[PDB]
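Taking it in order: structure first as structure tokens, then the write-up.
Don't worry about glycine lacking a Cβ; one is built from the backbone with ideal geometry, like all the others, and counts go over all protein chains shown. Each reported figure results from applying straightforward, stated rules to the coordinates on display, with no laboratory input.
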Amino acid sequence: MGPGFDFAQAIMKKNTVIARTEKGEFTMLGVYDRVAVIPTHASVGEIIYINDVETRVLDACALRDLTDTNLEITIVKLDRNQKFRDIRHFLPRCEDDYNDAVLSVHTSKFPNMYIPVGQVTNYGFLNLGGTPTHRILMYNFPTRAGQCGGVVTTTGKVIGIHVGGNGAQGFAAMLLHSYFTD
């Protein structure tokens, strides 16, 4: 509808895949080469389904901060025959608050879904499903089962992936440029 949705659509159309694990179907953001991200609660194993293709996982790392606190981001390298468009220059360098964000989802359940979530707070600490978690972004939207892995963007920045909610608010794990240095 506007330039917010334009940037979100551009990311969804080239940098997402449908990832299926034993814990369900997730939106999965491809960042560069064969490297993607997914919420750690997806429980990635040795084999994952990517757009319903059986795919070997070459490496998976559940990220934690230097306090050894969960970040709820898993970085996956896929044995895929094709690279992602490199979007690392759209990742923020530092923890921040944002205005006027979009949460975008693409699964079997929720195809081509875009949500204007409004103001994003640097919330910090969240007890997420009983797991102490850091670097949480918060937005005021009643997100649902099926939106985890959803991409949070502003015009020109990919800032997070959706990892939970409490019925009134939604929560995203920050993406930072420093996670994907090679």
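Of note:
- Counting charges near residue 110 (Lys, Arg +1; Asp, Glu -1) among other residues having Cβ under 12 Å from its Cβ returns a value of +1.
- Rounded Å value of the spacing that divides the Cα centres of region 80-102 and region 126-149: 18 Å
- Summing charges over all other residues whose Cβ lies under 13 Å from the Cβ of residue 13, with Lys and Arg as +1 and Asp and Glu as -1, gives +1.
- Stretching the chain fully between residue 51 and residue 108 yields a gain of 19.5 nm (0.36 nm per residue, less the alpha carbon separation).
- Mean ellipticity per residue at 222 nm, deg cm²/dmol - from DSSP H runs of n ≥ 4 across the chain, formula -39500 (n - 2.57): -2500 deg cm²/dmol
- Of 119, 147, 82, the residue with the greatest mean-square motion in the GNM of the chain, using alpha carbon springs below 10 Å, is 82.
- Exposed loop sites, defined as trypsin sites (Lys or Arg not before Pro) outside DSSP H, G, I, E and B with at most 16 other Cβ atoms within 10 Å, are absent from the longest region of the chain, namely 24-82.
- Exposed loop sites, defined as GluC sites (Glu not before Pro) outside DSSP H, G, I, E and B with at most 15 other Cβ atoms within 10 Å, are absent from the longest region of the chain, namely 96-182.
- By the rule of a C-alpha distance below 21 Å, with chain neighbours fewer than 8 residues away ignored, the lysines paired with residue 83 are 13, 14, 157.
- Computed from phi, the 3J(HN,Hα) profile of region 175-181 under the Karplus parametrisation 6.51, -1.76, 1.60 (θ = phi - 60°) reads 9, 10, 3, 5, 6, 10, 6 Hz, with x in place of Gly and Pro.
- Cα shape, the chain, gyration tensor, a/c 1.5 rule: rounded
- Cα gyration tensor, region 43-84 - rounded (a/c under 1.5), prolate or oblate: prolate
- Charged neighbours of residue 123, selected by a Cβ distance under 13 Å, balance to -3 (K, R count +1; D, E count -1).
- Given charges at Cβ of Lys, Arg, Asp, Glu: the chain dipole, positive-most of 9, 176, 165: 9
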